[PDB]
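Enquirer: Quick one: experimental structure and sequence below.
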Amino acid sequence: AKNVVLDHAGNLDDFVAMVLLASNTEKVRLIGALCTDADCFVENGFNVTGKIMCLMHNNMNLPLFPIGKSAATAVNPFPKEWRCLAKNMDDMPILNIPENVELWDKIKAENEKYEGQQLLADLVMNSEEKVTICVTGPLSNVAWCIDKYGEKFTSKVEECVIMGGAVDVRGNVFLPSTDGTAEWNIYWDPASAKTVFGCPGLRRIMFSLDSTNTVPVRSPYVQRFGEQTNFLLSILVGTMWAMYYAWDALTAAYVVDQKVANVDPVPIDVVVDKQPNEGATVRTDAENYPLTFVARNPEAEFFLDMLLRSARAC
Amino acid sequence: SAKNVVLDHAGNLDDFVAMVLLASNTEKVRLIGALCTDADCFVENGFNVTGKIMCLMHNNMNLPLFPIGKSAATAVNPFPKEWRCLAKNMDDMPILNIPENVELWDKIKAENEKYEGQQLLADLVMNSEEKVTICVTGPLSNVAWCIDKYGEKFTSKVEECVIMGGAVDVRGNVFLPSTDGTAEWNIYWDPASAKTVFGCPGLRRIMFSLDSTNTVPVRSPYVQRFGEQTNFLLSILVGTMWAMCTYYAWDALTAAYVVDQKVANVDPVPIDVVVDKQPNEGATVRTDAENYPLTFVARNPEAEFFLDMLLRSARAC
Ligand SMILES: O=c1[nH]cnc2c1ncn2[C@@H]1O[C@H](CO)[C@@H](O)[C@H]1O
Ligand SMILES: O=c1[nH]cnc2c1ncn2[C@@H]1O[C@H](CO)[C@@H](O)[C@H]1O
Ligand SMILES: O=c1[nH]cnc2c1ncn2[C@@H]1O[C@H](CO)[C@@H](O)[C@H]1O
Ligand SMILES: O=c1[nH]cnc2c1ncn2[C@@H]1O[C@H](CO)[C@@H](O)[C@H]1O
Ligand SMILES: [Ca+2]
Ligand SMILES: [Ca+2]
Ligand code: NI
């Protein structure tokens, strides 16, 4: 298996992505996770990450791993409308079985002392083999590592698989001050995203809205987790999807198996100016600008089957 | 021993916790029917979630099946709502989509699709051998329709109506640019129907207004205790519903009273409803009209008793 670190923002799909990575131990060795106070209040996101990890560790062969809270702060905050979703998951019955919460209470102190950004840097730089970073939240943490360590960090990254942006499709950030061209993860911290997408020597796979828009969350599919209620992960995943696109989950599925999508190189820049299109990921013709491999035409059925099967790991 | 009960609800998360409380306490309650109104949910979703809960309960605790109808009631004041979706999410929850339960619901869904909720309530009440208790957790439109159509022929068959709604000596929860914050949502949705119900003589009414429901909030550590009971389908269900709206136990408290009146003492108050288009439209006010019908308003509910009742009830299966 290959080493993977999950850098997420604590929304429901970030957690479905976590389940996908953690459950596929033959292909992925999940060596760490960091949570950013973005799509969630870092507090609850950290706790849900820990509760899911402990539920899996006590039920399948998933080694414990470090979990760190990132110190990253937003340039433009997510809608408070969907930030406290990690708070709700923190209270779900399936994540509060006493034997699992007891394990989390026993290992929480070791994890509370990590600073997420430094943890991402250390896990990547100190690994024997290269590490794949699955980024389902903003790019603030990867940018921080690039700024502090440069090539000492990027040379140890196998690839960075990123959920974010919108290249040849409309974005999803519709506010009185914006024009709808930007996507939320990039809009949260444009400058950090600029740093990541313009870094030479860093291989980037980009799951922008171009690909995620083609694999929507539909009721008949979500109801199939009801056929697997003897599996804790199916009660977990079905409950989170029961609450609009499998953005982060698609991104993580690619990490598990690249047959999820073909990718095409595009030089991607980011608008960091305080304008209506702030956060937009745009094609640039600047000479020698670094290429990003944008996912295209994802294999929907393959992904949907992968998630249902993965949710039977325990 | 058990008494006949009909649940008249609006499909939000607490309407469903109320349903589980009534249905799980078979020593005390015989649930003979339910109707769903297109108020705090899109009614088709509320209809399906009611059916799916009933079928899970029939297959796991022998709950007898009963008719479920969608009401044709339309709002006087619709919510400018972004929360009428907590029935849709629910319809897709894994614990309500177990094959053996979905198969049974699919088998009986067409028969229930044919009912019209308002007429169904009237028929359930009027054709019953023993009197019927109506637990109303959504707006009062359906009870009002029955009173308007059948009058005493309907009310004489009602044991009592236990209603969640209103605010008597505390502020309300309807905060809009044109309101003064003294009205509560179930009444504000259809004030005229509420006025009809509260002013009907010869109808016994118990009222769980914000005065009592404000005293029992949904708190995270208590909700997390349902995780100690995941071997019970109803604990995964109730816990999941209270988890996503950690909010008060408005409807659940109302249903708990139907199960055991020790949940709260009640005090008689003559209640009128503001129907004119004023800032306090929908408010429940104490009227001084001579000989006006009394409503028994719940006071100082037994919170610990209620919280224990719900955790216990959720171990029924
Ligand atoms: O409406 C929403 N609800 C929950 N999460 C959302 C929503 N919109 C965006 N994201 C979050 O931002 C990225 C996609 O733009 C994904 O990483 C997702 O977690
Ligand atoms: O009466 C009905 N019978 C069968 N399905 C129905 C009915 N009403 C709504 N649906 C809905 O249409 C799809 C199934 O054809 C499902 O989405 C179901 O929720
Ligand atoms: O008690 C109250 N609390 C909060 N807002 C209120 C209350 N009463 C009336 N409004 C009104 O509803 C809008 C905010 O939702 C404001 O326009 C305010 O005038
Ligand atoms: O903020 C809210 N979210 C969801 N349901 C609500 C909210 N406020 C009120 N109710 C609904 O209206 C009655 C209490 O006024 C209860 O019947 C409850 O189901
Ligand atoms: Ca995310
Ligand atoms: Ca209600
Ligand atoms: Ni239908």
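Expert: The structure has been received and is ready for your questions. Numbering: from 1, shown residues only, chains lettered A, B, ... in the order given. Ligands and ions are numbered 1, 2, ... in the order given.
Enquirer: the strands in the stretch 151-300 of chain A, which residues?
Expert: Along the stretch 151-300 of chain A, counting by DSSP state E, counting those that start in this stretch, strands occupy A:157-163, A:204-207, A:262-270, A:281-283, A:291-296.
Enquirer: Can you lay out the ones you listed as JSON lines showing mean neighbour count and distance to ligand 4?
Expert: Just so you know, the C-beta spots here come from the backbone N, C-alpha and C atoms, and that holds for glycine as well. Formatted as JSON lines, the strands of the stretch 151-300 of chain A follow (neighbours: other CB atoms under 10 Å in any protein chain shown; distance: least, CB to the nearest ligand atom, whole Å):
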{"stretch": "strand A:157-163", "mean neighbour count": "24", "distance to ligand 4": "30"}
{"stretch": "strand A:204-207", "mean neighbour count": "24", "distance to ligand 4": "34"}
{"stretch": "strand A:262-270", "mean neighbour count": "19", "distance to ligand 4": "38"}
{"stretch": "strand A:281-283", "mean neighbour count": "19", "distance to ligand 4": "36"}
{"stretch": "strand A:291-296", "mean neighbour count": "21", "distance to ligand 4": "38"}
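Enquirer: Would you mind stating the distance between whichever residue of the stretch 101-250 of chain A sits closest to ligand 3 and ligand 2?
Expert: Among the residues of the stretch 101-250 of chain A, residue A:176 lies closest to ligand 3, at 18.3 Å counting by CB to the nearest ligand atom. Distance of residue A:176 to ligand 2, given as CB to the nearest ligand atom, to the nearest Å: 36 Å.
Enquirer: now residue A:75
Expert: For residue A:75 relative to ligand 2 (CB to the nearest ligand atom), the value is 41 Å.
Enquirer: Next, count neighbours for that residue.
Expert: By the criterion of other CB atoms under 10 Å in any protein chain shown, residue A:75 has 18 neighbours.
Enquirer: Hmm, it is touching residue A:186, no?
Expert: No. Residue A:75 is not in contact with residue A:186 according to CB atoms under 8 Å; the separation is 10.2 Å.
Enquirer: Give me the three-state assignment for residue A:32.
Expert: What DSSP: H, G, I helix; E, B strand; the rest coil gives for residue A:32 is strand.
Enquirer: Hmm, I typed the wrong one, I wanted residue A:52.
Expert: Assignment for residue A:52 (three-state DSSP): helix.
Enquirer: Is chain B within reach of stretch A:95-109?
Expert: Yes. Stretch A:95-109 lies within reach of chain B by CB under 8 Å from any CB of the partner chain, at A:95-98, A:101.
Enquirer: need the residues you listed in CSV with distance to ligand 1 and neighbour count, can you?
Expert: Below are the residues of stretch A:95-109 next to chain B laid out as CSV (distance: CB to the nearest ligand atom, whole Å; neighbours: other CB atoms under 10 Å in any protein chain shown):
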residue, distance to ligand 1, neighbour count
A:95, 18, 26
A:96, 22, 25
A:97, 26, 20
A:98, 30, 12
A:101, 25, 19
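Enquirer: Now the two most distant members of those.
Expert: By the measure CB to CB, the residues of stretch A:95-109 next to chain B have their two most distant members at A:95 and A:98, which lie 11.4 Å apart.
Enquirer: joint contacts of these two?
Expert: Taking CB atoms under 8 Å, 6 or more residues apart in numbering or on different chains as the contact rule, residue A:95 and residue A:98 both touch residue B:227.
Enquirer: Save the strands of the stretch 151-300 of chain A as JSON lines, and put in distance to residue A:232 too.
Expert: Shown next, in JSON lines, are these (distance: least, CB to CB, whole Å):
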{"stretch": "strand A:157-163", "distance to residue A:232": "25"}
{"stretch": "strand A:204-207", "distance to residue A:232": "27"}
{"stretch": "strand A:262-270", "distance to residue A:232": "33"}
{"stretch": "strand A:281-283", "distance to residue A:232": "37"}
{"stretch": "strand A:291-296", "distance to residue A:232": "30"}
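Enquirer: Compile these into TSV and extend it with columns for distance to ligand 5.
Expert: Output for the strands of the stretch 151-300 of chain A, formatted as TSV (distance: least, CB to the ion, whole Å):
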stretch	distance to ligand 5
strand A:157-163	6
strand A:204-207	11
strand A:262-270	18
strand A:281-283	16
strand A:291-296	16
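Enquirer: right, so of those, which gets closest to residue A:235?
Expert: The closest of these to residue A:235 is strand A:157-163. By CB to CB, the value is 24.4 Å.
Enquirer: That closest one: partners in the sheet, and parallel or antiparallel?
Expert: strand A:131-135 (parallel), strand A:204-207 (parallel) (DSSP bridges).
Enquirer: which residues are contacting the last one?
Expert: In this case it means strand A:204-207. With contact meaning CB under 8 Å, 6+ apart, strand A:204-207 is reached by A:159-165, A:167, A:196-197, A:247, A:250-251, A:254, A:261, A:263, A:268, A:292-295.
Enquirer: could the strands paired with strand A:157-163 go into TSV alongside distance to residue A:58?
Expert: Formatted as TSV, the strands paired with strand A:157-163 follow (distance: least, CB to CB, whole Å):
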stretch	distance to residue A:58
strand A:131-135	23
strand A:204-207	31
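Enquirer: Identify whichever of these lies nearest to ligand 6.
Expert: strand A:204-207 (39.9 Å; CB to the ion).
Enquirer: Just confirm yes or no for that closest one near ligand 1.
Expert: No. Strand A:204-207 lies out of reach of ligand 1 by CB under 6 Å from any ligand atom, never closer than 9.3 Å.
Enquirer: Just the CA coordinates for that strand, please, in CSV.
Expert: Provided in CSV are the C-alpha atoms of strand A:204-207 (Å, rounded to 0.1, in the frame of the first residue of the first chain):
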residue,chain,number,x,y,z
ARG,A,204,-1.1,17.8,-8.6
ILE,A,205,-4.2,15.9,-9.5
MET,A,206,-7.2,18.3,-9.5
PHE,A,207,-10.8,17.2,-8.9
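Enquirer: tell me how far it is from the chain's mean position?
Expert: Computed by CA atoms, centre = their mean, to the nearest Å, the chain-centroid distance of strand A:204-207 equals 12 Å.
Enquirer: and residue A:49, what is it in contact with?
Expert: Shown in contact with residue A:49 (CB under 8 Å, 6+ apart): A:8, A:10, A:15, A:18, A:33, A:35, A:67.
Enquirer: between these, which is nearest residue A:90?
Expert: Looking across these and measuring by CB to CB, the closest to residue A:90 is residue A:10, at 10.0 Å.
Enquirer: Would you check that that closest one makes contact with residue A:34?
Expert: No. Residue A:10 lies out of contact with residue A:34 (CB under 8 Å); the separation is 10.5 Å.
Enquirer: Of all the strands paired with strand A:157-163, which one comes closest to residue A:47?
Expert: Residue A:47 sits nearest to strand A:131-135 of all the strands paired with strand A:157-163, at 20.3 Å, using CB to CB.
Enquirer: Many thanks, I have nothing further to ask.
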